[PDB]
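Contents: one structure, followed by commentary.
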Protein chains: 4
Amino acid sequence: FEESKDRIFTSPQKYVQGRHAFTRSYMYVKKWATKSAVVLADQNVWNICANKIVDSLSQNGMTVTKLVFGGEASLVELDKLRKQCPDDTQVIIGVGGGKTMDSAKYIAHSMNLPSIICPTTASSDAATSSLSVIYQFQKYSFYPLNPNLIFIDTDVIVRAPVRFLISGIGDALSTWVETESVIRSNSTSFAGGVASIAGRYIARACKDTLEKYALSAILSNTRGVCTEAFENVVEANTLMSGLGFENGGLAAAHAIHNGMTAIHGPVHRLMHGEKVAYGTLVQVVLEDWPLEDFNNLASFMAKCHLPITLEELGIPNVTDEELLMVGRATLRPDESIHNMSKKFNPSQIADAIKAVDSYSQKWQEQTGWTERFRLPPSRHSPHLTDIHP
Amino acid sequence: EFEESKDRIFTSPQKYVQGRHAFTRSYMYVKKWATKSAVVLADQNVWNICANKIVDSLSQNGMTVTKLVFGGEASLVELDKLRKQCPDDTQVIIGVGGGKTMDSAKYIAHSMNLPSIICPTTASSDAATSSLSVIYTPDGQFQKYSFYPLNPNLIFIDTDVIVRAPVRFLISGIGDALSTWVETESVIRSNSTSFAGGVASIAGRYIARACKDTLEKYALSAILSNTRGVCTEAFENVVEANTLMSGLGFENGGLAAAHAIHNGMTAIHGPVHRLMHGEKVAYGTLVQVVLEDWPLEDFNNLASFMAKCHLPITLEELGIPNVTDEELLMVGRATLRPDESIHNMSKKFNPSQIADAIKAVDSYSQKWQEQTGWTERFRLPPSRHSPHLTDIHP
Amino acid sequence: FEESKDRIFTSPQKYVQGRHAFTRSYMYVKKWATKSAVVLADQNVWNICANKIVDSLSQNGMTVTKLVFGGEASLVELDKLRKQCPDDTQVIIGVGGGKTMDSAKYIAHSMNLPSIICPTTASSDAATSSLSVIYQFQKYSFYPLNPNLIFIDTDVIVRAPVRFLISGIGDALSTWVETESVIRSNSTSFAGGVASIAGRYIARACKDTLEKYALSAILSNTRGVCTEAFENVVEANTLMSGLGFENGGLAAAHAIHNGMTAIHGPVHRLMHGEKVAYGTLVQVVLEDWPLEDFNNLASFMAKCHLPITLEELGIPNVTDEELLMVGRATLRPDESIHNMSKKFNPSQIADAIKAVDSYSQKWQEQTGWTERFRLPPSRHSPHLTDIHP
Amino acid sequence: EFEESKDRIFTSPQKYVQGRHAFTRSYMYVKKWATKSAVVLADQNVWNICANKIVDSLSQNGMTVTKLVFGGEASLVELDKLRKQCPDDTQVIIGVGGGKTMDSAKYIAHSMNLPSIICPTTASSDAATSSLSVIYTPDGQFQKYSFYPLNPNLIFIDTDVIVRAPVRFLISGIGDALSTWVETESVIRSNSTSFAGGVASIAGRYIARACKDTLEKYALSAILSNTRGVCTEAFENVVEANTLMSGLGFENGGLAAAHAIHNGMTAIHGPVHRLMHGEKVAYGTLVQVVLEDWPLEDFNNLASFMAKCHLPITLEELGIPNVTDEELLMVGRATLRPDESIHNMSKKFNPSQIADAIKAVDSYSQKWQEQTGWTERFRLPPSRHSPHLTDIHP
Ligand SMILES: [K+]
Ligand SMILES: [K+]
Ligand SMILES: [K+]
Ligand SMILES: [K+]
Ligand SMILES: [Zn+2]
Ligand SMILES: [Zn+2]
Ligand SMILES: [Zn+2]
Ligand SMILES: [Zn+2]
């Protein structure tokens, strides 16, 4: 990470989103490579959609090196993949989830080549970012430039379990809250300098888009239909949230998310956005919003089927000792919570996590809200039941 | 060649860096694309003013810098001559200065398949961040828009250089920035293909809004700041609005009647060659307002804002009070050429409608001046590069 | 009490509130004493938290005279305590409830020494005041100056049964209503002169703070977490309410509260704020607020678990004769109700007490509100059940 | 020495008493701290004007009063000389007059471990109720803030004395009061330690709001009242806002850029010594508005209010139209000293930014004057204690 006093805005060169977009891969990929490309994906993604990209490139005269991602983004495994990339490789194309995407960025960076990131679900805003989580969270690694192209095929996205999209909404929800806290604290942005106004408006676009279309996108996803509303949220979850957080910044929400892993146990079953959503509520308690404002956000998360209580998160019996541990992890020197002008100690973090739980339980009681998020068997498991009405 | 798609597309430079004395921190950013060799292109004026600050920074950090002087003529012949002066091991092309220099840099970089770094020395238009290049005959007449497959890699702005430039330049940039929201909203609401090549993204629409909002809050304070030579945050906000916001806002949205009218106006010639891009675009934006049929009160709100910023809102101020109906019909025909951006609008027009709207703006503005007793007037300077004839500072 | 035509604002010299503040006693106490101090508390408070203050002072070279409050704030008992205070005592520190606090103020005043008041619960706004109730209520006694320091350790406050905090909210709720009535009647303030604008805004701060944070503070208290919301209400219940009422004034609400004691019976089981809350509703009837406005306040009290009916107060069968007695007591010559420009007779007071009961019952019916305050076994007893959702 | 804590702290005088002819009721309040012996300190001017009214009241009630004359010089040498003139059985120190007298009283009282009674004779600043004492070299240059462990015990104001003073004094107090809400909001929103030593209380924030609201409603009516010599409730409201509200509002909140800028300005010297505290603070508040990046319209709303109150909003009015860039950089450096309150702001600055903002305020105000045709102007009197050069009464 390099800090500066200049006003800085960062972004991928291109963001392309559309139904069946993979069948049009070449018209976009050709901007960086017309001769040779590497396509990296785990076997599951190869079985399901990666060949659509390969077919497009091959039909247009390109040589495509198809690599199978082992599933573990370790330095040893990454080095082995790089060694399988032909000398004349012009671009690294990653297709799949976060580990695959981060692996593509790493290999592309190592070979001084452009990268094309193709998410297969809209579960987080990591796609467009120049950073890669280094892990228990340790720190954030910042590449000097953002991936060159974020390529999204919404036919692939709409076919995934709606739990993935919801996790993505959870991650997108934290963007406005965290970025506003960073900007209003006059802290350096995740772009390396003073926050731009443009970035603030993109974070706003994310907020507004979710408010108007989050539920219709969810219903659309569940029904398997690629409505414009669904496409709007895909953009919010990926482009808007991505640019909004990197050009703005992370704060308490994500630090708390990283602190949660310290608990382990059933926590490993939660998706990123599910934890980030709860963490956002925790930041709201730390920011001391009036209870009515907390309820407005908690109710929205509830309507989107996001967990807002310790019970739904699957850790209703977490101990005070465990929470203090989360608090200490949350406050590590390099965590994002330090971007906030307000400062905290571990007990305050622990207290806020419990307060969210009580506030949410009260809201459920007051409104008679009966819907509840039930933690699935594993992190990649679909919802236990169909949330469709 | 421009290529349209059915996908939702957002396009942008990889980095946008803005700060006072930023050129003294050039290597810090340039190193992302080149650590060994770079070409710095600028006309003699810019070399005297600030280009050496960039060179010094890169040199003090172990880089070899090829210093080229833009001949002021952005001709393919001159551009190819420049390209031949670029070492084969050149890693990046750095253009420092105005539109001609910036476009020459993009051309050369594209021709060499190299990344580009654009450093505007004034904030007079939003061309810096775009993948476009305005092509015009040696007479000045607009021909068409050329599109590059990717945007410049880095837009690097030193606000100490910007604040030292004549405020007429900043105002021209405000005029250009003012049309962004109007045109992009028109393209989006007409459901036309964006200048990014696909369906307009929501993000681009919000960046256009950011532009509009920032100008409303800070345009006049930035103008006063520039005039007084002080680099306030307000001034910096407008530099961002004029460059980053207007740039991403228009390319990810689109151009419409305003710019098409600007291109048609150039066909008038005469004193019109002394007008800066934004001065013409501002008038063209009012013309689009007439074509969009906004109620008069709404036209007045925009015209009054332009007047406060010292932008011309009448034919008299533009320097062509005696323009003939036949000349205006000529502008209308030029405005409606097949390749013009006005065709992105769902509402369609004929030459006489363009000509009528140009005159309507003049009458509307004159009425507003009379009703409000507004006495301030834009007076056209000797050349398009000259400062105001008088100091606009209160 | 001394009346004046000047505009007067009165207040303690310092108000300090924080979690574990008692462990930092010396840094604050030293402003008045660095050699010798008396710490007065009943045995229960000594067992639970008073030694934290003693330890801080002793670790900083001070001699601390530890006195045990007998539990009865009688002149005979107070004289005996004064006689136990060393000749070189520099300050009197009272730790505990109202009787202990009033005893400290009395002894400090008698010895011409500064006083430090340390409430162990946030149940009333008496802490910062220069007055002490003289009792059946008889009259208000006004000390020439306010206690010098109000010292609050929120770790102690958050550990107390939430019923105490709620009683405090009940007392704080009357501040804006009563002070506004005093100011708008152009009556002399409880500070001795024309009401200041500053005092009016502090009463407003109290009102606004409760509106935004009362319920979250309650939930926090119940969960045992010291959130900023909880701290905000502690400030509202103590500092804001305290300054807001003394610089403004008392009116019908508190006079009615004093009138209630005349009933005796189960009334002795109610906490101050619980009676004051009902009394505030009674003042609303006397002020003739439209029913909708009455409902807005009654609903708020209900959400905070405050009693709004005669049934909840534990006197559903109070007779008309008994109510007339309350009315006569309420209207005694030195009562605060006389500060109101509108004048009343006993039957009007009785009628208003019954009207509140009917209005509240109608609101409960209309809204289907089922929550109810159940009068505990004694005044210091916790709620019969857990109000946590 | 100032001590910071993690606790939420509110600090205040024990009593604040304000009323017309109040000094004739001195014993009634003074008796709370002393019934046998008291020291009354005031310069000769104040003794002639009202100090004897206080003495008479205490005497007529059996008190022994030590009458001391402030030599006008608030030096430690002179202060210690005064302390030596105070009887050992002195129960309280009463300071009557302006800042120097009030600070001398607080110092002596603190030195003798005795309560203090502060009686301002003008409502020109909010220093009366504070636990602070501005320390400045004999040249006038600000050095640092000294903090007392407790606030003065009683602030006693006789509004008949206040209404008889030149209205320039009240206006200076309005200027000082205007910065309270701006600075305190900045300290609170930056989550910085308050001037009370801990986390800002909600109560202090509302008292700052009370100040802002009262000035908005009654500042001009109080000014007209003072000018006409009538003690209306409106006038009394502003005396409370200038003294109690502004006082508790700033100390329980905090100082920020405005006052730091005021301290930096004093370093300019020249005619700047003729400006009253509030006149400088008002300009400094506008500078903070520029540093906070408020949209121009919001700056205009505050500047227009200051102009209506007859406060200087331009360098011309301040009496330093020709101030040099180097002098302004000097102010910037002084403003940013380690001990300055500007560091409470989350946004950080360098000297050139301070200098730029000072000039920006001047240009913004000049533009507002032009746009609105505002002709009223503050004209700097011969000394900081002189009344206006002309009668501002309509
Ligand atoms: K996010
Ligand atoms: K534009
Ligand atoms: K009360
Ligand atoms: K102030
Ligand atoms: Zn995330
Ligand atoms: Zn343009
Ligand atoms: Zn009470
Ligand atoms: Zn001041």
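Labels used: A, B, ... for chains in the order of the structure tokens, numbers from 1 for residues in each chain, and numbers from 1 for ligands as shown.
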### Query
Which chains and residue numbers are within 9 Å of ligand 3, counting only C-alpha atoms and all ligand atoms, if I want them as a PyMOL selection string?
chain C and resi 124-126+168-179+237+241-242+244-246+249-250+253-254+273+276
### Task
Extract, using only C-alpha atoms, all DNA, RNA and protein residues at most 6 Å from residue 241 (chain B), discarding same-chain residues fewer than 4 positions from it, and format them as a PyMOL selection string.
chain B and resi 211+245-246
### Query
So, counting only C-alpha atoms, which residue among D:70, D:27, D:349, D:378 is closest to chain A?
D:349
### A:381, A:60, A:74, A:17 ranked by distance to residue 160 (chain A), top pick (using only C-alpha atoms)
A:381
### Task
Return the neighbours of chain C among the residues of chain D, cut-off 7 Å, counting only C-alpha atoms, as a list in words.
residues 7, 8, 9, 10, 11, 12, 13, 14, 15, 16, 17, 18, 19, 32, 149, 150, 151, 203, 206, 207, 210 and 245 of chain D
I need the residues from that last selection saved to file as a tab-separated table (two decimals), in the first residue's frame (with C-alpha atoms), if you can.
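This went into out-v2.tsv:
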chain	number	residue	atom	x	y	z
D	7	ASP	CA	-14.87	9.90	30.13
D	8	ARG	CA	-17.79	12.08	28.99
D	9	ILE	CA	-17.28	15.42	30.74
D	10	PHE	CA	-19.36	18.59	31.16
D	11	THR	CA	-17.91	21.61	32.95
D	12	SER	CA	-19.51	24.85	34.13
D	13	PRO	CA	-19.47	27.83	36.48
D	14	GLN	CA	-21.60	27.20	39.56
D	15	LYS	CA	-23.83	30.19	38.83
D	16	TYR	CA	-24.49	32.61	35.96
D	17	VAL	CA	-26.51	35.70	36.88
D	18	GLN	CA	-27.66	38.33	34.38
D	19	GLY	CA	-29.97	41.30	34.94
D	32	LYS	CA	-22.98	32.22	48.59
D	149	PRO	CA	-8.88	22.81	37.12
D	150	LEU	CA	-12.29	24.43	37.71
D	151	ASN	CA	-14.40	27.15	36.07
D	203	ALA	CA	-25.69	18.80	26.51
D	206	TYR	CA	-27.24	21.59	22.42
D	207	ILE	CA	-25.99	24.68	24.24
D	210	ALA	CA	-28.86	27.39	21.54
D	245	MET	CA	-24.25	29.86	25.67
With 7 Å as the cut-off and only C-alpha atoms counted, what is the closest atom pair between each nearby residue of chain C and chain A? Distances in Å to one decimal, ordered by chain and number, as JSON lines.
{"residue": "C:212", "atom": "CA", "partner": "A:290", "partner_atom": "CA", "distance": 4.8}
{"residue": "C:213", "atom": "CA", "partner": "A:290", "partner_atom": "CA", "distance": 5.9}
{"residue": "C:216", "atom": "CA", "partner": "A:291", "partner_atom": "CA", "distance": 6.0}
{"residue": "C:219", "atom": "CA", "partner": "A:358", "partner_atom": "CA", "distance": 6.3}
{"residue": "C:220", "atom": "CA", "partner": "A:355", "partner_atom": "CA", "distance": 6.0}
{"residue": "C:225", "atom": "CA", "partner": "A:351", "partner_atom": "CA", "distance": 5.0}
{"residue": "C:226", "atom": "CA", "partner": "A:351", "partner_atom": "CA", "distance": 6.6}
{"residue": "C:227", "atom": "CA", "partner": "A:351", "partner_atom": "CA", "distance": 6.5}
{"residue": "C:228", "atom": "CA", "partner": "A:288", "partner_atom": "CA", "distance": 6.1}
{"residue": "C:229", "atom": "CA", "partner": "A:288", "partner_atom": "CA", "distance": 6.3}
{"residue": "C:389", "atom": "CA", "partner": "A:362", "partner_atom": "CA", "distance": 5.4}
Write a file of the selected residues as a compact mmCIF listing (two decimals), in the first residue's frame, keeping C-alpha atoms.
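out.txt, freshly written:
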# COMPACT_ATOMS: atom_id res chain seq x y z
CA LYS C 212 -33.63 8.53 19.81
CA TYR C 213 -32.00 6.29 22.42
CA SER C 216 -31.77 1.04 22.73
CA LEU C 219 -32.13 -3.14 25.49
CA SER C 220 -28.45 -2.44 26.16
CA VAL C 225 -23.68 -3.89 27.40
CA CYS C 226 -22.39 -0.34 27.79
CA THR C 227 -23.21 0.96 24.29
CA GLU C 228 -22.92 4.65 23.42
CA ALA C 229 -26.74 4.65 23.29
CA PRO C 389 -37.34 -9.86 23.64
#### Entry: Within 8 Å of ligand 4 (only C-alpha atoms and all ligand atoms), residues as a PyMOL selection string
chain D and resi 125-126+175-181+183+246-247+249-250+255+259+281
### Message
Please identify the strand (DSSP E) residues within region 106-287 of chain D (assignment by DSSP from backbone atoms) and present them as an NGL selection string.
### Response
:D and (116-120 or 132-136 or 142-147 or 154-158)
### Query
Quick one: residues within 10 Å of residue 165 (chain C), only C-alpha atoms counted, chain neighbours fewer than 6 positions away excluded, as JSON, numbers by chain?
{"C": [121, 122, 123, 124, 157, 158, 171, 214, 217, 218, 221, 222, 230, 233, 234, 237, 273, 304]}
### Query
Could you list, as a PyMOL selection string, every residue of chain D that has an atom within 10 Å of an atom of chain B, counting only C-alpha atoms?
chain D and resi 290-299+352-371
### Task
Work out how far CA of residue 340 (chain D) is from CA of residue 171 (chain D), in Å to one decimal.
25.2 Å
#### Entry: residue 40 (chain B) surroundings by only C-alpha atoms, 7 Å radius, close-in-sequence under 2 positions cut, as a PyMOL selection string
chain B and resi 38+42+65-68+93-95
Write a file of the just-selected residues containing N, CA and C atoms, as a PDB file, in the first residue's frame.
ATOM      1  N   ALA B  38      10.643   6.402 -20.819  1.00  0.00           N
ATOM      2  CA  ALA B  38       9.383   7.074 -21.114  1.00  0.00           C
ATOM      3  C   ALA B  38       9.557   8.259 -22.057  1.00  0.00           C
ATOM      4  N   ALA B  42       5.262  17.509 -25.307  1.00  0.00           N
ATOM      5  CA  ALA B  42       4.630  18.782 -24.960  1.00  0.00           C
ATOM      6  C   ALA B  42       5.132  19.889 -25.880  1.00  0.00           C
ATOM      7  N   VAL B  65      14.474   9.468 -20.184  1.00  0.00           N
ATOM      8  CA  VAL B  65      13.334  10.184 -20.737  1.00  0.00           C
ATOM      9  C   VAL B  65      13.595  10.826 -22.090  1.00  0.00           C
ATOM     10  N   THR B  66      12.777  10.460 -23.070  1.00  0.00           N
ATOM     11  CA  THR B  66      12.885  11.017 -24.410  1.00  0.00           C
ATOM     12  C   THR B  66      11.992  12.250 -24.446  1.00  0.00           C
ATOM     13  N   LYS B  67      12.612  13.421 -24.522  1.00  0.00           N
ATOM     14  CA  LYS B  67      11.875  14.675 -24.548  1.00  0.00           C
ATOM     15  C   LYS B  67      11.582  15.119 -25.975  1.00  0.00           C
ATOM     16  N   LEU B  68      10.304  15.111 -26.335  1.00  0.00           N
ATOM     17  CA  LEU B  68       9.881  15.516 -27.668  1.00  0.00           C
ATOM     18  C   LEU B  68       9.057  16.795 -27.606  1.00  0.00           C
ATOM     19  N   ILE B  93       3.993   6.533 -23.239  1.00  0.00           N
ATOM     20  CA  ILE B  93       3.955   7.832 -23.893  1.00  0.00           C
ATOM     21  C   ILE B  93       3.244   8.800 -22.953  1.00  0.00           C
ATOM     22  N   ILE B  94       3.921   9.888 -22.596  1.00  0.00           N
ATOM     23  CA  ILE B  94       3.347  10.883 -21.700  1.00  0.00           C
ATOM     24  C   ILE B  94       3.055  12.193 -22.427  1.00  0.00           C
ATOM     25  N   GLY B  95       1.774  12.535 -22.528  1.00  0.00           N
ATOM     26  CA  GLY B  95       1.376  13.770 -23.180  1.00  0.00           C
ATOM     27  C   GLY B  95       1.064  14.833 -22.143  1.00  0.00           C
TER      28      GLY B  95
END
#### Entry: Polymer residues at most 6 Å from residue 307 (chain A), only C-alpha atoms, same-chain spacing of 3 or more positions, as a ChimeraX atom specification
/A:312-313,373
Written selection (N, CA and C atoms) as a PDB file, in the first residue's frame:
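Saved the output as again33.pdb:
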ATOM      1  N   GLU A 312     -29.311 -16.581  13.976  1.00  0.00           N
ATOM      2  CA  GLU A 312     -29.291 -16.838  12.538  1.00  0.00           C
ATOM      3  C   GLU A 312     -27.866 -17.070  12.043  1.00  0.00           C
ATOM      4  N   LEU A 313     -26.907 -16.352  12.625  1.00  0.00           N
ATOM      5  CA  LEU A 313     -25.505 -16.515  12.242  1.00  0.00           C
ATOM      6  C   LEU A 313     -24.999 -17.891  12.656  1.00  0.00           C
ATOM      7  N   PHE A 373     -33.156 -16.393   8.734  1.00  0.00           N
ATOM      8  CA  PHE A 373     -32.077 -16.971   7.945  1.00  0.00           C
ATOM      9  C   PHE A 373     -31.629 -18.214   8.702  1.00  0.00           C
TER      10      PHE A 373
END
### Two-atom distance - CA of residue 35 (chain A), CA of residue 128 (chain A) (Å)
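These atoms are spaced 24.7 Å apart.
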### Query
Among region 78-309 of chain C, which ones does DSSP place in helix (DSSP H, G or I), written as a ChimeraX atom specification?
/C:78-82,98-110,154-159,162-184,197-223,228-246,252-263,265-269,272-286,291-303
### Task
Write out as an MDAnalysis selection string which residues come within 12 Å of residue 314 (chain C) when counting only C-alpha atoms, dropping same-chain ones fewer than 5 positions away.
chainID C and resid 260 263:270 274:275 307:309 372:378
### Selection: 8 Å around residue 335 (chain B), only C-alpha atoms, excl. self and same-chain fewer than 4 positions, as number ranges by chain
B: 257, 260-261, 263-264, 331, 340, 342, 351, 354
Could you dump the residues just selected with N, CA and C atoms as an mmCIF file, in the first residue's frame?
data_model
loop_
_atom_site.group_PDB
_atom_site.id
_atom_site.type_symbol
_atom_site.label_atom_id
_atom_site.label_comp_id
_atom_site.auth_asym_id
_atom_site.auth_seq_id
_atom_site.Cartn_x
_atom_site.Cartn_y
_atom_site.Cartn_z
ATOM 1 N N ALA B 257 -27.391 16.408 -28.609
ATOM 2 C CA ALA B 257 -27.495 17.601 -29.440
ATOM 3 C C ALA B 257 -26.451 18.674 -29.146
ATOM 4 N N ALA B 260 -23.221 18.147 -30.952
ATOM 5 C CA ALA B 260 -23.464 18.134 -32.389
ATOM 6 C C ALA B 260 -23.617 19.588 -32.843
ATOM 7 N N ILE B 261 -24.287 20.387 -32.018
ATOM 8 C CA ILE B 261 -24.494 21.798 -32.320
ATOM 9 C C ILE B 261 -23.159 22.534 -32.262
ATOM 10 N N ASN B 263 -20.306 21.311 -33.015
ATOM 11 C CA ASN B 263 -19.611 20.973 -34.254
ATOM 12 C C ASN B 263 -20.192 21.733 -35.443
ATOM 13 N N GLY B 264 -21.507 21.925 -35.442
ATOM 14 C CA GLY B 264 -22.136 22.655 -36.529
ATOM 15 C C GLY B 264 -21.720 24.117 -36.523
ATOM 16 N N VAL B 331 -25.531 25.415 -40.336
ATOM 17 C CA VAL B 331 -25.151 24.804 -39.070
ATOM 18 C C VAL B 331 -26.094 23.639 -38.794
ATOM 19 N N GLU B 340 -23.325 12.343 -36.449
ATOM 20 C CA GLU B 340 -23.497 13.194 -35.272
ATOM 21 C C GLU B 340 -24.234 12.574 -34.092
ATOM 22 N N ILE B 342 -26.361 13.862 -32.168
ATOM 23 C CA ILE B 342 -27.741 14.296 -31.980
ATOM 24 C C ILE B 342 -28.727 13.162 -32.292
ATOM 25 N N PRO B 351 -32.964 20.546 -40.283
ATOM 26 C CA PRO B 351 -32.133 21.752 -40.197
ATOM 27 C C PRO B 351 -32.819 23.038 -39.722
ATOM 28 N N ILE B 354 -33.093 23.239 -36.019
ATOM 29 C CA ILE B 354 -31.836 23.530 -35.345
ATOM 30 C C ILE B 354 -31.599 25.039 -35.430
#
### Query
Separation of CA of residue 162 (chain C) and CA of residue 116 (chain C), in Å?
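Answer for the CA of residue 162 (chain C) to CA of residue 116 (chain C) separation: 24.7 Å.
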